[PDB]
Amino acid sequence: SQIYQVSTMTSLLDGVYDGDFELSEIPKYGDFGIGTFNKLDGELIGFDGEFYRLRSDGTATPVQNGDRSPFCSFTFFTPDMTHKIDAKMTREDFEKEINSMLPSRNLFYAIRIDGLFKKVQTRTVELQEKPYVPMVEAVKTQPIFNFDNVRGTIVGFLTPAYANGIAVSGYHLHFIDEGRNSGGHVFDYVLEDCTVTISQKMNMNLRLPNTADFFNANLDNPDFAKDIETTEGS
């Protein structure tokens, strides 16, 4: 089984926010995934075949037909491992407990947390206007949301270090509430109680966009790893 990877994180860093991947094709490649949309117009999250665009106006809109993306990741989720979080557990505690239970730090995993969270902190990237700026600049004015005692789902991927720059090394997680209105890209969280489900994948298929923007992008940033830490963290 595979992670289907649409373009690279370093292209997003360089301000290439317009891709040619059409979300009408999501069912060909997975029923689970995360990412963003063209122009950075919102956060993508989906699982069980149901995908949403989360925007900074506090809405979550089902994805449709000609929605496009410069960057996203999909898989067909299979429940290979399950784990229960009984009581309060912080992100640092959780992420450390899970990665100690992985068969290998050298494989790809999809991960889903379903339950109640004491806290979740998210961002939602917002629509950008041309000419685009690099992502480190673009996220400085992102909306940040703090949720308390909220029911919902955190979903995303664990990525081995050797793929950092194609994807985001380590945990990359998005959140949507049970009411399907709010969430975004996750910075931090505390679990009250949840069920964990993990899917192990032995392949990553990277698909590069057929766009002039991607062809002409400058992807030779020696500081990309620190720039990813900056854009993806609080």
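So that there is no doubt, residue numbering starts at 1 and follows the sequence shown.
- Comparing 145-153 with 119-127, the higher mean C-alpha B-factor in the PDB entry belongs to 145-153.
- A summary of the deposited B-factors shows that, of 51-59 and 22-30, the stretch with the larger mean C-alpha value is 51-59.
- Ranking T78, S73, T159, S100 by Cα temperature factor from the entry places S100 first.
- Annotation for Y109: C-alpha temperature factor in the lowest third relative to the rest of the modelled chain, per the entry.
- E43: CA B factor in the lowest third of modelled residues in this chain (values from the PDB entry).
- Among all modelled residues in its chain, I198 ranks in the middle third by Cα B-factor.
- In the PDB entry, a CA B factor belonging to the middle third of its chain's modelled residues is recorded for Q2.
- In the deposited entry, the Cα temperature factor of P209 sits in the bottom third of values across the chain's modelled residues.
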